[PDB]
Amino acid sequence: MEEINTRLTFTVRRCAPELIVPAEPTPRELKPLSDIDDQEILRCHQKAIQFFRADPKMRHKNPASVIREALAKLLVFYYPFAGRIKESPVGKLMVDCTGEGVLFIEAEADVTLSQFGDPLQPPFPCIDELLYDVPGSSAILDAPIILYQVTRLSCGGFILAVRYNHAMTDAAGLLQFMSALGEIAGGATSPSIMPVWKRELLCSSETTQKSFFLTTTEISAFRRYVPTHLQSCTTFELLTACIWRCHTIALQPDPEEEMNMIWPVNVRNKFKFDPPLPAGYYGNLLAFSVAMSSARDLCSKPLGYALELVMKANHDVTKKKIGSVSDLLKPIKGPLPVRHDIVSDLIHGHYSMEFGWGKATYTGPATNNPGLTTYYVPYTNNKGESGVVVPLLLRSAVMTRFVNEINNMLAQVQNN
């Protein structure tokens, strides 16, 4: 299992972080976050990144300035994003729309866009410096909800890095928002999709980083040595059953502890909501599927055991298809288990954002839970092999036991 390493490094320097408030008076109100947005597994942040190449006609236009003026203008419509999230009695989250503003960082880097590769894919170097974690902002409550870093590159290109409070929006909502930002920086009067709230509809009253590469041939090879009755499995399912079982064998937990593997599902493509969703909704619309087993059964039984659990969990959430949003979209049931890993499927453009410099040359993820939290990215190496890159952050011993265990599985798949 190949480790991918970024041998590139460079020096970043950033101004001191600033607060961007909406450019015009906006409603000062308390807006309810939905039962989907405020579940435990979403009380985290997430990181996205886009790379933009130089545009010769955009000379005399510093990208940080363009973006921060457009942020101010766009926050008039998305004004809750300038708010602060607070907790009421019985655990309901609210956005206090105070206009205190989103965090912003203008920076420069002694590096060129082309030095990130061609094609440019993860891992990305110096990402902790390209999306600086300002102290106290890692908080869910009373902290700025979103953070931008615009790093200018020596070629005149630039980097747009975002950290956002996952209680506020999901990847899809942030995409609607970033496309509204692109439109406003394009000169638009207002967004094409006028956002709405309506989240009441979903209210019911020692460590180590690393990135590893598995080629498609290795994945499909796996698919050959699982029982025929499980061969309809997705690449995602097979990869997730591998990761879950290998990680558990690496953790070596108490035999009876309940091991959970959890992943989100975008439902927009899937269900047909009978009261359909509002046109500009941008809260969370993720379903979550949960696969659970004793540590002893995961480590004791072959990969087919884990794989069946993953595939069947992947249809618990897909099986009821028409009705209300409150009917088909539920939070995870209880408090999160002690033992839970989180995987996300990213093998899927994120196109049509244009800020004057074109559409991004790359848009994707970047870089709490003490389990394993990772995502799958597409990757093609220098010889042409397409496959998946899995960024892992584990205690070093757990990492090498994990790597060795998936390498044992590769050894088995090839011996057979």
Side-chain angles (χ1 to χ4, degrees), residues 4 6 8-10 12-14 17 44-45 47-54 63-64 66-68 70-71 81 102-134 137-138 144-166 168-182 185 209 211 344-355 357-367 373-379 388-393:
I4 309 284
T6 189
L8 177 65
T9 184
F10 48 91
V12 185
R13 50 203 144 79
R14 53 199 140 62
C44 68
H45 301 83
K47 298 187 193 200
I49 198 163
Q50 344 191 247
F51 292 80
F52 288 89
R53 64 214 180 286
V66 188
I67 279 135
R68 98 160 56 78
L71 265 174
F81 259 120
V102 314
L103 259 175
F104 192 83
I105 298 191
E106 175 193 310
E108 296 179 347
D110 310 341
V111 67
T112 203
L113 173 51
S114 65
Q115 274 174 278
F116 291 84
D118 195 316
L120 88 164
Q121 347 171 72
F124 305 115
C126 312
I127 192 115
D128 283 325
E129 295 267 297
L130 286 173
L131 182 53
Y132 181 65
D133 166 33
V134 185
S137 46
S138 26
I145 285 172
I146 161 151
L147 192 156
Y148 306 85
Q149 183 168 325
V150 184
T151 314
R152 306 186 58 163
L153 299 185
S154 311
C155 57
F158 66 93
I159 300 172
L160 170 43
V162 166
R163 187 218 312 149
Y164 62 98
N165 186 309
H166 197 342
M168 173 58 105
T169 204
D170 58 30
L174 180 76
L175 179 44
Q176 174 184 295
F177 172 97
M178 290 297 168
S179 148
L181 195 66
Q209 221 297 302
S211 294
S344 203
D345 201 355
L346 259 308
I347 337 198
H348 181 258
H350 299 139
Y351 70 112
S352 169
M353 286 135 319
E354 211 274 7
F355 302 82
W357 284 255
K359 37 186 172 137
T361 168
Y362 175 96
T363 308
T367 213
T373 300
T374 183
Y375 44 97
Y376 306 153
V377 293
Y379 188 91
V388 181
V389 153
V390 299
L392 276 192
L393 179 84

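For reference, positions follow the sequence shown, starting with 1. Because only heavy atoms are used, hydrogens play no part in the values below, and waters and symmetry mates are left out as well, while side chains stay in.
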Please evaluate residues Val389 and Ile4 with respect to the criterion side chain to side chain contact (heavy atoms under 4.5 Å, CB included), reporting the C-alpha separation (whole Å), side-chain torsions for both, the decisive distance (0.1 Å), and the verdict.
CA-CA 8 Å; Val389 153; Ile4 309 284; 4.3 Å; yes
I need the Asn165 CG to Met168 CE distance, nearest 0.5 Å.
7.5 Å
Are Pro391 and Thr367 packed together at the side-chain level, in the sense that at least one heavy-atom pair is separated by less than 4.5 angstrom?
no
Here the pair of heavy atoms bringing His350 nearest to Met353 is O-CE, 2.8 Å
Using distance only, find each side-chain donor-acceptor pair of residues 120-131 under 3.5 Å and give its atom names and separation, not counting sequence neighbours.
unit_1 : atom_1 : unit_2 : atom_2 : d
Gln121 : OE1    : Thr380 : N      : 2.8
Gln121 : NE2    : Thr380 : O      : 2.8
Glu129 : OE2    : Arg14  : NH2    : 3.4

Checking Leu71 against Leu181 for the side chain to side chain contact (heavy atoms under 4.5 Å, CB included) test, could you report, in this order, the C-alpha distance in whole Å, the side-chain angles of both residues, the deciding distance, and whether it holds?
CA-CA 7 Å; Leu71 265 174; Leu181 195 66; 4.1 Å; yes
Centre-to-centre under 6.0 Å for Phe116 and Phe10, is that the case here?
yes
Spatial distance of atom CD (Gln115) from atom OG (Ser154) [nearest 0.5 Å]
7.5 Å
Intermediate values then yes/no, salt bridge (charged side-chain N to carboxylate O under 4.0 Å, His left out), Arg13 and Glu108
CA-CA 6 Å; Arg13 50 203 144 79; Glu108 296 179 347; 2.2 Å; yes
Test side chain to side chain contact (heavy atoms under 4.5 Å, CB included) applied to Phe355 and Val66, step by step
CA-CA 8 Å; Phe355 302 82; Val66 188; 5.9 Å; no
Does the pair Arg152 and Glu106 meet the rule for a salt bridge (charged side-chain N to carboxylate O under 4.0 Å, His left out), with working shown?
CA-CA 8 Å; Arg152 306 186 58 163; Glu106 175 193 310; over 6 Å; no
Taking atom CD1 of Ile146 and atom OG of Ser137, what is their separation to the nearest 0.5 Å?
12.0 Å
Using every non-hydrogen atom in the two residues, find where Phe52 and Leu113 come nearest and quote the distance to one decimal.
O-CD2, 3.6 Å
Does the side chain of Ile49 come within less than 4.5 Å of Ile159's, by heavy atoms?
yes
Enter the distance from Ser352:OG to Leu175:CG here, rounded to the nearest 0.5 Å.
8.0 Å
Taking only residues two or more places apart in sequence, or in another chain, which ones meet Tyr148 in a ring pair (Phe, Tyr, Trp, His ring centres under 6.0 Å)?
none
Might you point out which heavy atoms bring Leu153 and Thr112 nearest each other, and give the distance in Å?
CD1-C, 4.4 Å
Look at the side chain of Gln149 and the backbone N and O of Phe104, then say whether any donor-acceptor pair between them is shorter than 3.5 Å.
no
If you round to the nearest 0.5 Å, how far is CG of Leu160 from CH2 of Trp357?
11.5 Å
Sequence neighbours left out, what passes ring pair (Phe, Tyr, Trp, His ring centres under 6.0 Å) with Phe177? Give chain and number order.
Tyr78, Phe81
Could you pull out the closest heavy-atom pair between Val390 and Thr374, with the gap in Å?
C-OG1, 4.1 Å
What are the two closest heavy atoms between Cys155 and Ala54, and how far apart are they?
O-CB, 3.4 Å
Test item: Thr151 side-chain N/O and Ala109 main-chain N/O as donor-acceptor pair under 3.5 Å
no
Side-chain heavy-atom pair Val134, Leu147 within 4.5 angstrom cut-off:
yes
Take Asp133 and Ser138, measure what side chain to side chain contact (heavy atoms under 4.5 Å, CB included) needs, and give me the verdict at the end.
CA-CA 7 Å; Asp133 166 33; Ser138 26; 3.9 Å; yes
Gap separating the OG1 atom of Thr363 from the OH atom of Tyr351, nearest 0.5 angstrom:
12.0 Å
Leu346 and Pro378: which non-hydrogen atoms are nearest, and at how many Å?
O-CD, 4.0 Å
